[PDB]
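Working notes, structure below.
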Amino acid sequence: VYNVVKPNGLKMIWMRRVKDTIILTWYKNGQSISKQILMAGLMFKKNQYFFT
Amino acid sequence: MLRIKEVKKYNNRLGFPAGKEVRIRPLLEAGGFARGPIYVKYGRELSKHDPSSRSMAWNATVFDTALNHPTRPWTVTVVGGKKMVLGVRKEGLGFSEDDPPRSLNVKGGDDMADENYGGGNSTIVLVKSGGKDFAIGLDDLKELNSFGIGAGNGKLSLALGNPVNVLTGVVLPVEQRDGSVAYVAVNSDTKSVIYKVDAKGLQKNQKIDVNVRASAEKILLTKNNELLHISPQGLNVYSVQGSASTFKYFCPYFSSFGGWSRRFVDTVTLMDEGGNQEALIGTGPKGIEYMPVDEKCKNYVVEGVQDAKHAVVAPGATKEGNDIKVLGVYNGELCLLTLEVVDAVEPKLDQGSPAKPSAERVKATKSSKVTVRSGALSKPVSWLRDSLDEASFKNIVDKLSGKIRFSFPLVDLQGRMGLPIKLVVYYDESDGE
Amino acid sequence: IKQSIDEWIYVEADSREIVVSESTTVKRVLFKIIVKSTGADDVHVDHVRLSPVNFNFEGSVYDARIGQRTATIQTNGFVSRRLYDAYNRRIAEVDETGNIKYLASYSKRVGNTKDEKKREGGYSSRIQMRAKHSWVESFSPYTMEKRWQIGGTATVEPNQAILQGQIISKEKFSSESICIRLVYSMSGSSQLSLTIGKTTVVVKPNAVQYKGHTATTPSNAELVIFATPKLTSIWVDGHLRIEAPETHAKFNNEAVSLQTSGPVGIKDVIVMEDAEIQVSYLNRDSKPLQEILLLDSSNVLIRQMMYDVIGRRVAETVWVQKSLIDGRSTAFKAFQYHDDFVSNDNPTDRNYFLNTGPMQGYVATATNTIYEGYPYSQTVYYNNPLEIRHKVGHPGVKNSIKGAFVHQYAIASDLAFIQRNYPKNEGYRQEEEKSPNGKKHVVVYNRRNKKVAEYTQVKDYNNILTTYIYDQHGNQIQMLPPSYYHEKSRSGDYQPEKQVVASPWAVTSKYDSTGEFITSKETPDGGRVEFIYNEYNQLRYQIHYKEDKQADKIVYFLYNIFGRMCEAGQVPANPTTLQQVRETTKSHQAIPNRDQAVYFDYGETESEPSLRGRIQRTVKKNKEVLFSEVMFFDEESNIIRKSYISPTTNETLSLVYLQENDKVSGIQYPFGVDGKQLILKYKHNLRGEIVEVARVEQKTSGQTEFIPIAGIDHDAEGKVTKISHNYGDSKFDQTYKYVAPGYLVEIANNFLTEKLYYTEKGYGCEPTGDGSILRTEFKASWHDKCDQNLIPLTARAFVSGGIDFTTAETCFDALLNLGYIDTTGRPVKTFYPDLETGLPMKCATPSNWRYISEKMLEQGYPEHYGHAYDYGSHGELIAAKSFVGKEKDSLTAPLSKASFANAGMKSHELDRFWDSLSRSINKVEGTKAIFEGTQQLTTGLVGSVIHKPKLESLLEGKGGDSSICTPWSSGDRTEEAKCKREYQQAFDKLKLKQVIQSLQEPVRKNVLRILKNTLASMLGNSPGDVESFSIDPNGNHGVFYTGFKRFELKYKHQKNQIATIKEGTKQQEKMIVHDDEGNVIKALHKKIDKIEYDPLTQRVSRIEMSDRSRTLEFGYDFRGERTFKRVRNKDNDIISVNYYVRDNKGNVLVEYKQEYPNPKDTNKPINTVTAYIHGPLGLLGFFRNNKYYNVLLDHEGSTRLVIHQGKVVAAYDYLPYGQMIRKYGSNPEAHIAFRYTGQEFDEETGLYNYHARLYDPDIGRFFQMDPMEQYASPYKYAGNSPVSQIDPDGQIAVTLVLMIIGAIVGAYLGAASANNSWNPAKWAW
Ligand SMILES: *[C@@H]1O[C@H](CO)[C@@H](O)[C@H](O)[C@H]1NC(C)=O
């Protein structure tokens, strides 16, 4: 049980020192995910809410 | 929505309900479906009740079967001023008989009917038109019609029947009017076809209606000449004109998703609202349910805590103001049910959490009652007894030479943030002075 | 300024204005930060930090004097502090909100006695507490006035106060338990008074004084006072100094106040409300001797443990509930050690319970009517200094050591091959147990206690030998199932393999050097999945291989700057894709062609600090479609609010949790009942198990009144005993009744009672030591609590297309004439036509018999029913015989080994007689097997039935008495003449088998009548029956049947998958084809053309029914829980749309169902919203359309009854392996899909989603591979899975929290240190 998801927590499954360029690529991954992430009427609201 | 006002129980039992199905009918007449002594068929047994005294008159074992068969219908009628019932026996023979006697009428035809794994099958029913009873029926091959001249000398005469339905299913359009029917229907999932029933019964004249995806478990007709249509999909309302195919509107109320199987659709009937409008009532999964026929459809389901809520409703129900009267059979008992139609009200609630917010204000006012102390004032005396571990005194003895040897710390302070201090004391037996 | 807390404000400056353009190189920029007061007044700054906005901040501070980590700083901006003792022990922790997590204390060695002569006591003691609302007072001159009402002058320092006069608390506690702890310093005659409720504690420098007595104390010690309405208990310096009873009323508006005469300085002050306390007295090895929990206001729970002269555990009592309200005034030792808890304690004398057997006296013998003198479970050890089990005895006289159902183990096994292949006394310890059912089980163990092989055999079933081979680091490199050994040896001799080989049956793993983790996991049914790691040992890729050793699909993981996982995707295998994996393992970048990819953004860019590192925002993207959901974790990752965010509206569909002590105390549903929000309040008691579920009702005056939903009653052992549905007008109780060993026997209520038998009555098996359920017997009496018109059996229930309408009437009348129906429509007993000698030949026709009996069992509602079970070698359920009638008292016996020693022939005559008869009867033919040449007589209606009057006229006579032709032709008159012509010919041609001819008349007098009873009624012939005749050593049943539906399964060569399925007597071959990873993609016996799975959740995505009649489309979250279902029609129009709002565990809470009855005109739908109320054992009920329905559950958690206002509105009956026998309910609003074991039953396709796996009740086998390997085969199912019967996430959870607090106490105390034991088995040699 963790806030952050472990590799084994997913359902797909069947650090002494770090170089500069590795930090830059990790930052690129973080910025990429940050750029990606960003009575019938109630039935319409919730059906748009669950999946679109 | 419907509120049960009162339940009145009849004074006579109906016996055990094992393997029996109910069919209750009030006296049918040419002039109208007037209130009269009701005749029930329970099992193979026909019983007479009078609504005045609400007591059983007689019980004659007339019938041959208990399950209301599609091949053995029965009804009451009045003909010649004399009330009769008339049913179908196991030999295909009509058993016409007045209330007390059993005058076997002459018959020009004896239907033979048999059941198939292919589901399309022979059925016969008793319909009324023009004051005369028609025993109409489809045998294995096609559909033909008959009518009783009466008892005595009367004999079934057969009018001309043309159709041979490719896809065969026979329900009669049932309506609350002086005649038992006006039309007769042959239903398929692609379209229904319908034939007018006249002084000669079945005519050639046919009035196909378009209704798709619907196997048409029931068909109803109004005195206002709009055609109801109960289907597993729902209820589709049609208007009968020179062409009956015009589609009025649809409501999903009487449907399979609503729980309306075969046994619940068979009960629904019509009754006048009072203002020359008609509404349809019948028992279902939730119980007796009643709906006015209107563009905006709104049913009313009985919501009450009783035992006679789920009752097979007799035809010919009545409405008087906002009150309705229905006759029902529950668990082999007869109950007259008085109940009221209630339009649902529910005052809306708003302003749940509008509460006036504001900013958060913080200012540090130190209390004048409480004073910060200058310099320390107390130094607790730690006890070496609690801090001294006992792991040094558990396995002391050396195995090799049989001596004992142990080391314990005399001072050991590592609560320092600086460099820790430890001074250790050792015991080891030796021969040196 | 972003947030504030008490007197302190948090201020931050995000420099988000400019960043590097492309991040090829570094900017090398300068930061100058200035902290200044903009006015004349001073500012007080505690800590300053500078970082990038991403990096997770866990700055920690240490105490300048005592040198321990006393406060940490989370990223979100809040501080969580630890509180330390005088000897640097971690006694408490404080959460971010200010309410403490736990408190701990122990017996101090200063308050001890040098010389003492006692017979019973604890060497040391520990006390642990967890409280609802509980604050530590730092005597800050800025916040004390808002916290305390001060009347006198006082002088303070950080966490210390030299006070004079009195101070009162402003909180005004109103709860069951109140308690406070503090540290003082007493000088001269300066005296301190602590008033809680009515009780004032007066501590002096010499002695602490209470109203009853005064106890000696040192002048400086830790003081703990625990008060309930009936209790007071005062610890000083860890030793319980006083304890006294109280007659005070309930606590309401009680105030804690301190009043001091003279100078005293109190160091720490910790005030706890609704504090749940536990005391543990420990022996010389710091092992618990006696535990005392506080259960409730004036109710404690005691358990005592015994230890040997060497130090090993011998016996342990069960939890018992002692009440303090009726303490009888003999003594009062509610938390002190109970000398008289067990009188048979001393080994020397007084009839020690190891020798004699029963204990003589408890304090409150709440167990003696249940456990009949033996509440303890004990263990007897072999003659060894180590702990090797010889005989272990459970509570109960029958289950004790002296009892019959005792577990006995042997180190030496009788089998030569186990002793000669595993070298005895060379680090291979073997234990062997034998059950009276004719089964033995042996397990062989490594040095490091990992089983290397286990073997088990049973009577008449072949032996089972499974083996596991491990590595140098202890990792399991290989395992071999029993199919391998059965194929190889194929005899009694076995050779348990010791080394890793290549074999298609083996499950192999190949970990890297120094045992990193699996690099190739290979199974026979699936394939070889290989793991690819990074330079920093991050799990980067995971490739799957087909059976032709070619790649299938590659799962890729992308990682953040933090080192946590950024996103996860799956891409199809390709040479360019494999080369891209090879390159990107070095480049650290992403795979380019990601079609579906789930992104995880735990909040770190949010401008609201309280969210940062606390939310979990998930974006799930499967091709075009998307799904966003974010949930709020508080401290220690407990969910406080789950939201389903969509871009169209700023508001979020959310369900809010209010929880303390890691237990959910309230739920705020997104549901509206009676136009108001549904708020559920769960009330727990002092033990933390659930005691009530209620719903909030708001009143216009400004108050909320709770309407109870269910009041739950528990036992002393944590078992739930009585659920009391007290909501609405009709309130009723469901009581669970238990017995001596701890099993559940009765589930009793006014609607439907259940009885379970464990030792008394079985089918053919004796009581197995496993404690498996041998018989379940129901008694339904709800048949007058419902719409009774739907109950009676009619004659149309028997008719359908296949049978004629007229024959149904005659067959139903014949059925009623024999008393099969008791004039109500409820079947009286099972329809066995071979028992009824006189019946119509239309009924006695075989296929008509099957259909008539099946429909009589399905549409009928019998008053009594049940099953009697029989189990196999793998622990699975191989047989179950039903008793739908009054048969429950006198069932038959299994045909095999029937007791014809009672027949009148000798044992040597019986053995040859049974060998000949068992070789000459084909039992499945029934009584036909008694006669010769029955194949030639099947041509005719008379010839198919004549074997019964011929049998009856053989020995019994009477019956028809040569005039039976007229009773046979009930439905015809002509057929009687043909009967009379063919009767004498069929009567004369029927000649008996030579075996029974060779017997003699004084045997045949009566024996053949009961022989016909067993051969007619045997396990094939009820419509309620599950069986599995032949079974692979891996537990794959080669034929299984349910009712009259018989599936004969032939399995693939080297796998556990199904090769072919035969549907029954027709033997028409329906096909079933799996995938490369083992999951079934098509099973035409369920009329499924194709199953499409989800690449991300590995669950079902698209189910296609046969001839394209229906289509089910599923969508999920990342957890694999179902989010929404869409059922389409033949014309690709949506018929039903279902939406689930899932709890974290997987439970559903709110469900929106919109069903369109006319697909074309969707403007007029049917809309229904339901909300489920879950409990300990299962869902208690559901609100649906302003209406609440109760749900009544049986054992194992299946849904038996659905009740509305005291009326049964739905009812379902099940048979084992999950297939439903029958259903009562006709109202569609009343039905729920939870069905068997509370697992959603897909009504359209007939498949349960049994814990994120499809299941087929007709086959009794899972459709997907088992993620956690439970059996030798992945797809095997047990047959029945009972519930824990213990309140989960209540009693068990908090008991585990008590144990981990004990663990941290022992760790700081030095219990887990080098050579810290008085037992040479635990010494450091
Ligand atoms: C008529 O019906 C009654 C129950 O209403 C039943 O008891 C009786 O046996 C039936 N037969 C006659 C002839 O009364």
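By convention in this document, the chains of the structure tokens carry letters A, B, ... by their order, each chain's residues are numbered from 1, and ligands are numbered from 1 in the order they are shown.
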
Please extract the residues at most 8 Å from ligand 1, counting only C-alpha atoms and all ligand atoms, and provide them as a compact mmCIF listing (two decimals) with C-alpha atoms, in the first residue's frame, using the chain letters and residue numbers of this document.
```txt
# COMPACT_ATOMS: atom_id res chain seq x y z
CA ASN B 12 -66.29 -17.73 0.60
CA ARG B 13 -63.00 -19.53 -0.05
CA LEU B 14 -61.83 -20.90 -3.41
CA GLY B 15 -59.93 -23.99 -2.22
CA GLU B 45 -64.79 -25.09 -11.39
CA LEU B 46 -67.10 -22.18 -12.23
CA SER B 47 -68.41 -20.14 -9.29
CA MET B 56 -70.94 -17.65 -3.51
CA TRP B 58 -73.17 -22.28 -6.55
CA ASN B 59 -70.05 -24.08 -7.79
CA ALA B 60 -70.48 -26.45 -10.74
CA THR B 61 -67.55 -28.52 -12.05
```

Contacts between chain C and chain B, please, where a residue of chain B counts if it comes within 7 Å (with only C-alpha atoms); show its shortest atom pair and distance in Å to one decimal, rows by chain and ascending number, as a tab-separated table.
```
residue	atom	partner	partner_atom	distance
B:16	CA	C:823	CA	5.8
B:17	CA	C:824	CA	6.1
B:18	CA	C:825	CA	4.8
B:19	CA	C:794	CA	3.9
B:20	CA	C:794	CA	6.3
B:115	CA	C:804	CA	5.6
B:116	CA	C:801	CA	6.0
B:117	CA	C:801	CA	3.8
B:118	CA	C:801	CA	6.6
B:119	CA	C:801	CA	6.1
B:233	CA	C:1157	CA	5.3
B:234	CA	C:1157	CA	6.7
B:252	CA	C:1157	CA	6.2
B:257	CA	C:1157	CA	6.6
B:258	CA	C:1228	CA	6.3
B:259	CA	C:1228	CA	5.5
B:285	CA	C:1227	CA	4.8
B:286	CA	C:1227	CA	5.6
B:310	CA	C:787	CA	6.3
B:330	CA	C:789	CA	6.7
B:331	CA	C:789	CA	5.8
B:349	CA	C:675	CA	6.9
B:362	CA	C:7	CA	6.9
B:364	CA	C:7	CA	6.0
B:365	CA	C:142	CA	5.9
B:366	CA	C:142	CA	4.2
B:367	CA	C:141	CA	5.1
B:369	CA	C:153	CA	5.9
B:370	CA	C:154	CA	5.4
B:371	CA	C:155	CA	4.7
B:372	CA	C:156	CA	5.1
B:373	CA	C:156	CA	5.5
B:382	CA	C:86	CA	7.0
B:385	CA	C:109	CA	6.5
B:386	CA	C:109	CA	5.8
B:387	CA	C:87	CA	6.4
B:391	CA	C:1316	CA	4.6
B:394	CA	C:1318	CA	5.9
B:395	CA	C:1315	CA	6.9
B:415	CA	C:67	CA	4.5
B:416	CA	C:67	CA	5.4
B:417	CA	C:67	CA	5.0
```

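Of the listed residues (C:1172, C:657, C:913, C:1116), C:1116 comes nearest to chain A; the distances count only C-alpha atoms.
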
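You will find atom CA of residue C:1252 at 26.6 Å from atom CA of residue C:1033.
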
- Message: For a quick test of understanding: name the residues of chain A lying within 6 Å of chain C when counting only C-alpha atoms, and present them as a PyMOL selection string.
- Response: chain A and resi 3+11-12+26-27+30+49+51-52

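Of the residues under consideration (A:4, A:21, A:9, A:45), A:4 shows the shortest atom-to-atom contact distance to residue C:603 when counting only C-alpha atoms.
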
- Query: Could you name the residues that touch residue B:95 at 6 Å or less, counting only C-alpha atoms, but leaving out those on the same chain fewer than 4 positions away, as a PyMOL selection string?
  - Reply: chain B and resi 86-88+104

- Message: Among stretch 193-323 of chain B, which residues does DSSP mark as alpha helix (DSSP H) when it is run on the backbone? Keep the chain and numbering as in the structure and answer as a list in words.
- Response: residues 262, 263, 264 and 265 of chain B

- Just the residues within 8 Å of stretch 164-174 of chain B, please, counting only C-alpha atoms, with nothing from its chain fewer than 2 positions along; format it as a VMD selection string. chain B and resid 120 to 121 123 138 141 to 143 162 176 180 to 188 217 to 221 269

- Item | Interatomic distance, atom CA of residue C:472 to atom CA of residue C:1274 (Å, one decimal) |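 Computing the Euclidean distance for atom CA of residue C:472 and atom CA of residue C:1274 yields 27.3 Å.
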
- Message: Using only C-alpha atoms, which protein or nucleic acid residues come within 12 Å of residue C:47? Drop anything in the same chain fewer than 4 positions from it, and give the result as a list in words.
- Response: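 Contacts, in chain order: residues 8, 9, 10, 11, 35, 59, 60, 61, 72, 73, 77 and 79 of chain C.
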
How would the residues just chosen look if you wrote them out with C-alpha atoms as a PDB file, in the first residue's frame?
```pdb
ATOM      1  CA  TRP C   8       2.200  29.943  12.133  1.00  0.00           C
ATOM      2  CA  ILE C   9       1.760  30.938   8.475  1.00  0.00           C
ATOM      3  CA  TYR C  10       3.297  29.218   5.436  1.00  0.00           C
ATOM      4  CA  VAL C  11       4.518  31.442   2.584  1.00  0.00           C
ATOM      5  CA  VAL C  35      13.386  37.486   4.248  1.00  0.00           C
ATOM      6  CA  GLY C  59      13.368  18.049   5.827  1.00  0.00           C
ATOM      7  CA  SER C  60      13.827  16.731   9.351  1.00  0.00           C
ATOM      8  CA  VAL C  61      14.867  18.422  12.594  1.00  0.00           C
ATOM      9  CA  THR C  72       9.752  15.995  10.262  1.00  0.00           C
ATOM     10  CA  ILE C  73       8.497  18.357   7.565  1.00  0.00           C
ATOM     11  CA  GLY C  77       3.913  22.158   4.276  1.00  0.00           C
ATOM     12  CA  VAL C  79       4.956  19.148  10.334  1.00  0.00           C
TER      13      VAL C  79
END
```
